[PDB]
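With ideal geometry, Cβ positions are generated from the backbone for all residues, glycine too; neighbour counts draw on all protein chains shown. Every read-out reported here was derived from the displayed coordinates using simple, explicitly stated rules and does not represent laboratory data.
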2 protein chains.
Amino acid sequence: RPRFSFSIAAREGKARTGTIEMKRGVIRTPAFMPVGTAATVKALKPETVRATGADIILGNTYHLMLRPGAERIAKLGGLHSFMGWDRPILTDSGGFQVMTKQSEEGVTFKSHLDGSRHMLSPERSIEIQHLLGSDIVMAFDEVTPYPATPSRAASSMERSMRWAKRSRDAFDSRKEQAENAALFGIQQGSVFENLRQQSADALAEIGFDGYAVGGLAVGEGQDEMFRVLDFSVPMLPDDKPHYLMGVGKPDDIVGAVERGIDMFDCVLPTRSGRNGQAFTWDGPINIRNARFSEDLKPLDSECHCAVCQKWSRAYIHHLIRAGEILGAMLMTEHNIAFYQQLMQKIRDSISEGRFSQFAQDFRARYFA
Amino acid sequence: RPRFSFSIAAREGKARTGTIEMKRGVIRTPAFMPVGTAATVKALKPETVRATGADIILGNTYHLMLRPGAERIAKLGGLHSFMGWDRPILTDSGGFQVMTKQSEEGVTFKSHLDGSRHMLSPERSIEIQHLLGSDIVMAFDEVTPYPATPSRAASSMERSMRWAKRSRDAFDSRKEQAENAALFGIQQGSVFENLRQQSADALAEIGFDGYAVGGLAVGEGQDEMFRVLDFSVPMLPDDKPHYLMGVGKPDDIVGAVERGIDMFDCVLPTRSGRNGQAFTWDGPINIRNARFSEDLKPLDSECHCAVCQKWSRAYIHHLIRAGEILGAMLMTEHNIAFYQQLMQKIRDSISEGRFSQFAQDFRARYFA
Ligand SMILES: Nc1nc2[nH]cnc2c(=O)[nH]1
Ligand SMILES: Nc1nc2[nH]cnc2c(=O)[nH]1
Ligand SMILES: [Zn+2]
Ligand SMILES: [Zn+2]
């Protein structure tokens with residue numbers, strides 16, 4: 001397999017479906033990436049993560065660099081070997097989570113576990129992601145808060161572009177990394193069309209394997225998010241993957257794919273699972289609700305996952321109310337499987353030229 | 001399969017190995033029963049419990065009757081169907097955990113979850129175990145504290161024998177239960193040989209499918225426990241299974257089998273697992289210890305379990321220190337598999353007439 005190859009098999013309007021080929025495997029797109037925080041997708045073995053249909057997972061740099069430490073993970077063989085996931089892993093750059101003394105060089109911060117002091121910069125972030133053995137490396141950026149004034153948004157986007165060039169040069173400086181991994185750049189510019197355009201132009205001039213739309217996971221509401229994607233995604237190179245960071249709910253995903261996004265990650269299916277929220281085609285339910293205490297149906301009556309083949313809402317209700325680990329295990333497996341099934345339906349419908357219809361049908365039912 | 005058949009295939013001194021056949025499956029003895037507290041073996045799916053080699057699990061009556069409730073579990077189809085374990089389940093009678101107003105009728109108590117008031121008596125305990133659909137039902141007894149004076153020990157053993165007859169009659173009164181499940185009686189008498197003998201005589205006169213040695217899980221120390229088993233187990237009918245309740249550590253098990261015990265349950269491998277203790281043939285280790293932070297070996301280098309095939313001490317160290325659910329999952333799976341492997345080694349060595357040697361070798365290494 002090549003280091004990185006993105007091929008588009010089918011389109012419908014702005015939506016695309018295709019594959020990214022990398023040394024560790026193929027990623028079907030649009031793709032949803034379960035999040036491993038601290039070298040585990042919470043409450044699942046990697047084989048279970050794979051069984052749900054996931055082709056790639058995300059690792060959080062910030063948490064890994066504090067515990068167990070990047071150098072330690074490298075000494076033990078790299079993140080894949082450490083956690084037992086042998087397919088591609090995308091790592092974030094760590095910047096969002098650090099968001100403290102900031103400067104053009106980078107940021108220094110105190111560990112929220114320890115009070116220990118650490119530093120992150122484009123160069124150190126790229127180095128950490130190398131030590132982890134990440135297949136898709138994210139450039140280090142500066143987070144713009146929402147809302148941001150035009151001047152702050154411009155200053156921060158400009159700094160991010162300077163840091164994107166530093167990230168590119170650090171990545172390219174390291175032979176093993178440049179030959180085996182991919183590097184994605186992140187577009188900033190908040191809600192402002194002109195800044196999004198300057199950011200897209202700067203990133204394309206530098207040149208990346210894929211392009212993320214940053215600065216949207218951050219409180220703006222779905223209508224505004226969709227409005228920003230409307231003009232922002234067409235600014236990115238069409239022939240490379242487009243990744244919307246930190247999104248999101250099933251309806252967010254469907255709308256974002258309609259706007260040309262190919263890759264997603266979110267902690268919702270994992271986190272929501274442990275707290276009692278299960279995704280269904282008829283919308284999310286909270287399994288702790290008393291109405292489920294004697295409900296013998298599965299979490300979702302169309303879902304193909306092993307949880308829905310084997311256990312009832314009533315049993316999972318009991319487990320979650322009782323605080324049992326198996327409750328978290330089953331809810332998380334189901335929610336990740338549901339997300340994978342959603343992406344598969346999205347991929348098939350685009351391939352078949354019926355994605356618009358699928359989106360309309362999906363929304364009608366999910367919100368009924 | 002018959003309702004209940006215990007066959008002894010081989011003996012060596014007081015130790016026996018054989019099988020108990022029941023409608024839901026065969027139990028190899030000596031047997032270790034993982035404990036399901038609240039209709040789950042903590043942090044494991046039933047298929048994983050079975051994969052470790054377990055033939056039967058224990059359910060806790062006291063917890064189940066408070067949450068989710070016995071009547072509710074019966075309405076949902078019984079415990080097997082509720083939790084997805086289709087092999088035999090032994091339920092305890094609930095009395096140990098309740099141990100509050102006591103009388104010859106039974107005990108009334110306040111829920112430690114709710115302050116709600118509940119009642120337990122030989123008849124209600126047997127009824128609850130029926131509603132759960134238990135395959136091996138334990139007679140309801142009164143717990144004797146340690147230490148106990150001779151007079152208190154006698155009074156409480158005598159009450160337990162009266163309650164054992166009530167348990168027998170309640171069980172026999174219910175057709176579906178009498179035809180499909182088995183009933184075990186519990187010997188009491190604290191450390192006193194004469195009371196243990198009167199208790200054995202009373203229970204044999206009543207007649208049970210198996211006999212538990214009660215009142216030993218309770219603070220007395222291994223030497224005293226072994227001394228009491230020395231004289232107590234030979235008092236029980238030889239042709240029925242002998243169950244030592246709430247024991248225990250691997251060395252406890254080996255010694256107890258040398259004294260004629262066939263069945264064990266304990267929460268150690270589950271509970272100890274979640275707290276960082278892993279069993280090895282070289283003795284228990286606490287995986288949180290800093291010495292394991294870069295140790296690439298499996299938990300135990302002879303263990304055949306899936307955890308030891310796939311993940312390092314270093315990774316599990318990180319998971320447990322980080323408070324991750326997968327840490328509890330992996331430690332529990334390994335510890336239950338280790339216990340099952342220990343019972344298999346015990347069964348083979350008795351069958352092969354080399355159990356004395358195995359016990360000596362096991363102790364030499366485990367305590368080195
Ligand atoms: N690094 C980074 N991570 C994110 N997650 C959500 N939004 C962002 C972003 O703008 N930058
Ligand atoms: N019911 C009961 N359960 C136990 N668990 C440990 N010891 C005992 C006992 O003596 N009686
Ligand atoms: Zn499901
Ligand atoms: Zn093991």
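Things worth noting here:
- The residues listed here are B:82, B:109; of these, the one that is in contact with a helix residue (DSSP H, G or I) (Cβ under 8 Å, 6 or more places away or on another chain), over 16 Å from residue B:181 (Cβ atoms) and not in a strand (DSSP E or B) is B:82.
- So residue B:318, is it closer than 24 Å to residue A:81 by Cβ and away from chain A (no Cβ under 14 Å): no
- Contact map, the stretch B:19-44: first residue within 14 Å of chain A (Cβ to nearest Cβ), second residue acidic (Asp, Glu) and part of a strand (DSSP E or B), Cβ cut-off under 6 Å, separation 6 or more or different chains; pairs are B:35/B:265.
- Complete set of residues in the stretch B:149-177 that are of a type outside the set (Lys, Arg), touching a helix residue (DSSP H, G or I) at 6+ places or on another chain (Cβ under 7 Å) and surrounded by 13 or more Cβ atoms within 10 Å (Cβ to Cβ): B:153, B:154, B:157, B:161, B:163, B:164, B:167, B:170, B:171, B:177
- Sole exception among (1) within 11 Å of ligand 2 (Cβ to nearest atom); (2) at positive phi for residue B:184, by number: (2)
- The number of residues in the stretch A:290-325 being surrounded by fewer than 24 Cβ atoms within 10 Å (Cβ to Cβ), under 15 Å from residue B:72 (Cα atoms) and in contact with a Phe, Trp or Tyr (Cβ under 8 Å, 6 or more places away or on another chain) comes to 4.
Yes/no per residue for (1) more than 14 Å from chain B (Cβ to nearest Cβ); (2) assigned to a helix (DSSP H, G or I); (3) buried (at least 20 other Cβ atoms within 10 Å of the Cβ):
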position: A:327; (1), (2), (3): no, yes, yes
position: A:334; (1), (2), (3): no, yes, yes
position: A:353; (1), (2), (3): yes, no, no
position: A:357; (1), (2), (3): yes, yes, no
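- Helices (runs of 4 or more DSSP H) wholly inside the stretch B:216-294 containing at least 2 residues that are within 14 Å of chain A (Cβ to nearest Cβ): B:268-274
- Boolean, residue A:185 is under 22 Å from residue A:155 (Cβ atoms) and either under 17 Å from the mean Cα position of the chain (by Cα) or within 16 Å of ligand 3 (Cβ to nearest atom) (or both): yes
- Count of the stretch A:70-83 residues, restricted to those that are within 11 Å of chain B (Cβ to nearest Cβ), surrounded by 16 or more Cβ atoms within 10 Å (Cβ to Cβ) and at positive phi, is 0.
- Selection count, the stretch A:295-315, where residues are part of a loop (DSSP other than H, G, I, E, B), more than 9 Å from every other protein chain (Cβ to nearest Cβ) and not charged (D, E, K, R): 6
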